[PDB]
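Q: One structure follows; several queries about it will come next.
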Amino acid sequence: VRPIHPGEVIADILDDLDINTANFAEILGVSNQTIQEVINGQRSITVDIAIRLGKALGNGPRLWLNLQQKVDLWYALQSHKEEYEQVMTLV
């Protein structure tokens, strides 16, 4: 059970709305690239992006920041787990 990336939620919204990333980027006032990077999980939601999402969709920024924080923590914990398993592993 990996966390749901904000980008995955966005992609699903755009799919339901039958609009593309460029159309949505235009609405938000950011570049297509920036939206596509979020969708592809290459770029994190910033406060600025959360605010724009919140206004455009009418669901507020916190939903989006919460999504991103959960992702951030999951990757931090994964990383920590790997790091320590490695330290603890004998060759």
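Please note that chains go A, B, ... in the order of the structure tokens, that every chain numbers its residues from 1, and that ligands are numbered from 1 in the order shown.
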Determine, counting only C-alpha atoms, which protein, DNA and RNA residues have an atom within 12 Å of an atom of residue 67 in chain A; residues of the same chain fewer than 6 positions away are not included. Present the result as a list in words.
A: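 The filter keeps residues 2, 3, 4, 5, 6, 7, 8, 9, 10, 44, 45, 46, 50, 61, 73 and 74 of chain A.
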Q: Go ahead and write the selection's residues with C-alpha atoms as a PDB file, in the first residue's frame.
A:
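Generated output (out26.pdb):
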ATOM      1  CA  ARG A   2       2.121   2.848  -1.391  1.00  0.00           C
ATOM      2  CA  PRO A   3       0.799   6.348  -0.837  1.00  0.00           C
ATOM      3  CA  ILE A   4      -1.361   8.016  -3.471  1.00  0.00           C
ATOM      4  CA  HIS A   5       0.856  10.711  -5.180  1.00  0.00           C
ATOM      5  CA  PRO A   6      -0.865  14.036  -5.771  1.00  0.00           C
ATOM      6  CA  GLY A   7      -0.020  13.549  -9.407  1.00  0.00           C
ATOM      7  CA  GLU A   8      -2.079  10.398  -9.589  1.00  0.00           C
ATOM      8  CA  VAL A   9      -5.077  12.243  -8.216  1.00  0.00           C
ATOM      9  CA  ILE A  10      -4.585  15.052 -10.703  1.00  0.00           C
ATOM     10  CA  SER A  44       6.488  17.756  -5.475  1.00  0.00           C
ATOM     11  CA  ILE A  45       3.474  19.920  -4.768  1.00  0.00           C
ATOM     12  CA  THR A  46       4.672  23.265  -3.509  1.00  0.00           C
ATOM     13  CA  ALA A  50      -1.465  23.595  -3.616  1.00  0.00           C
ATOM     14  CA  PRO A  61      -4.727  23.629  -0.410  1.00  0.00           C
ATOM     15  CA  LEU A  73       7.108  10.590   4.769  1.00  0.00           C
ATOM     16  CA  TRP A  74       6.662   7.264   2.990  1.00  0.00           C
TER      17      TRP A  74
END
Q: Find the residues near residue 21 in chain A: any atom within 9 Å, counting only C-alpha atoms, skip ones fewer than 5 places away on the same chain, and give them as a list in words.
A: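 That gives residues 11, 14, 26, 32, 33, 35, 36 and 39 of chain A.
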Q: Those residues you just picked out, can you put them in a file as an mmCIF file, in the first residue's frame with N, CA, C and O atoms?
A:
data_model
loop_
_atom_site.group_PDB
_atom_site.id
_atom_site.type_symbol
_atom_site.label_atom_id
_atom_site.label_comp_id
_atom_site.auth_asym_id
_atom_site.auth_seq_id
_atom_site.Cartn_x
_atom_site.Cartn_y
_atom_site.Cartn_z
ATOM 1 N N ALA A 11 -4.111 13.336 -12.364
ATOM 2 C CA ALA A 11 -4.288 12.618 -13.658
ATOM 3 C C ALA A 11 -5.718 12.074 -13.762
ATOM 4 O O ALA A 11 -6.374 12.118 -14.831
ATOM 5 N N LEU A 14 -8.211 14.834 -14.422
ATOM 6 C CA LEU A 14 -8.153 15.350 -15.795
ATOM 7 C C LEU A 14 -8.866 14.320 -16.682
ATOM 8 O O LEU A 14 -9.546 14.669 -17.655
ATOM 9 N N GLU A 26 -3.048 25.866 -17.905
ATOM 10 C CA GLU A 26 -3.522 27.192 -18.283
ATOM 11 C C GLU A 26 -4.447 27.738 -17.182
ATOM 12 O O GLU A 26 -4.381 28.907 -16.769
ATOM 13 N N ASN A 32 2.762 23.751 -18.585
ATOM 14 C CA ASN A 32 2.357 22.378 -18.858
ATOM 15 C C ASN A 32 3.384 21.432 -18.269
ATOM 16 O O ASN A 32 3.039 20.458 -17.651
ATOM 17 N N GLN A 33 4.659 21.771 -18.458
ATOM 18 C CA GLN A 33 5.763 20.974 -17.963
ATOM 19 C C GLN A 33 5.620 20.744 -16.470
ATOM 20 O O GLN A 33 5.705 19.628 -15.983
ATOM 21 N N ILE A 35 3.005 20.843 -14.566
ATOM 22 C CA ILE A 35 1.886 19.947 -14.248
ATOM 23 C C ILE A 35 2.254 18.524 -14.607
ATOM 24 O O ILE A 35 1.975 17.582 -13.885
ATOM 25 N N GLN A 36 2.919 18.358 -15.741
ATOM 26 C CA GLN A 36 3.237 17.013 -16.166
ATOM 27 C C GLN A 36 4.246 16.378 -15.205
ATOM 28 O O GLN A 36 4.192 15.154 -14.955
ATOM 29 N N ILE A 39 2.361 15.195 -12.200
ATOM 30 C CA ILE A 39 1.620 13.987 -12.592
ATOM 31 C C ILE A 39 2.515 12.780 -12.612
ATOM 32 O O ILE A 39 2.117 11.671 -12.196
#
Q: Using only C-alpha atoms, which of the listed residues (A:27, A:22, A:78, A:89) sits closest to residue 57 in chain A?
A: A:27
Q: Based on the backbone DSSP call, show me all residues of chain A assigned helix (DSSP H, G or I), as a PyMOL selection string.
A: chain A and resi 6-17+21-28+32-39+47-57+62-88
Q: Quick one, how far is CA of residue 69 in chain A from CA of residue 88 in chain A?
A: 28.3 Å
Q: Neighbours of residue 53 in chain A within 10 Å (only C-alpha atoms; same-chain residues fewer than 5 positions away dropped), as a PyMOL selection string?
A: chain A and resi 10+24+27-28+45+47-48+58-64
Q: Any chance you can output those residues with C-alpha atoms as an mmCIF file, in the first residue's frame?
A:
data_model
loop_
_atom_site.group_PDB
_atom_site.id
_atom_site.type_symbol
_atom_site.label_atom_id
_atom_site.label_comp_id
_atom_site.auth_asym_id
_atom_site.auth_seq_id
_atom_site.Cartn_x
_atom_site.Cartn_y
_atom_site.Cartn_z
ATOM 1 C CA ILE A 10 -4.585 15.052 -10.703
ATOM 2 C CA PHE A 24 -5.227 22.436 -16.736
ATOM 3 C CA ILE A 27 -6.243 27.251 -15.608
ATOM 4 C CA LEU A 28 -3.752 27.094 -12.766
ATOM 5 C CA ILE A 45 3.474 19.920 -4.768
ATOM 6 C CA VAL A 47 2.509 25.577 -1.350
ATOM 7 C CA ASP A 48 2.042 27.724 -4.468
ATOM 8 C CA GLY A 58 -12.520 24.444 -4.883
ATOM 9 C CA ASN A 59 -11.112 22.010 -2.393
ATOM 10 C CA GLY A 60 -8.471 24.118 -0.695
ATOM 11 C CA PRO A 61 -4.727 23.629 -0.410
ATOM 12 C CA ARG A 62 -4.508 21.405 2.589
ATOM 13 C CA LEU A 63 -5.883 18.329 0.822
ATOM 14 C CA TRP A 64 -3.005 18.642 -1.641
#
